């Protein structure tokens, strides 16, 4: 049966999913703020991650204000960062909506479709495969482009 799960992630923390995200499933991160004027990242201002049970970074989404870019990557638990995919113009992706933001990830099996608010920003071909069993939102209060608390909603059992 289709299901909805809600998690509240504090900047810099992770949450274990009660229902893993697999092929055909959906995950959306919700921010109750949009701070496109925050200081520079070191180098990241904000990141959202989809973890496998073994700790692999299935999907790493990093937002860099000063570099004006959004990075999409993956990584094994004890391996090096893999091939980065970049998308310039950070502010442009959040256009049309101020004060809050949304990042959605459709798990399509061979790829992760990433949507910023209503705009699909990338069709990310997976570098690592696996069920998403954990999620994290990493940032500080000072330089995150999102609210200190980011709400994550998963839609599972869809296929």
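Positions refer to the first chain, counted from 1.
- Query: On average, are the C-alpha B-factors higher in 133-141 or in 20-28?
  - Reply: Per the PDB entry, the higher value belongs to 133-141.
- Task: State which stretch shows the higher mean Cα B factor in the entry: 120-128 or 86-94.
- Result: That would be 86-94.
- Between 67, 114, 61, 101, which carries the biggest CA temperature factor in the record? That would be 67, according to the entry.
- Task: Could you check 49, 37, 46, 42 and tell me which one carries the biggest Cα B-factor in the deposited entry?
- Result: Highest CA B-factor of the listed options: 37.
- Task: Using the B-factors in the PDB entry, rank residue 14's C-alpha atom against the chain and give the third, lowest, middle or highest.
- Result: CA B-factor rank for residue 14: lowest third.
- Comparing residue 8 with the other modelled residues of its chain, is its CA B-factor in the lowest, middle or highest third? Highest third, going by the recorded CA B-factors of the chain.
- Message: Split into thirds by Cα B-factor across the chain's modelled residues, where does residue 153 land: lowest, middle or highest?
- Response: Answer is lowest: the recorded C-alpha B-factor places it there.
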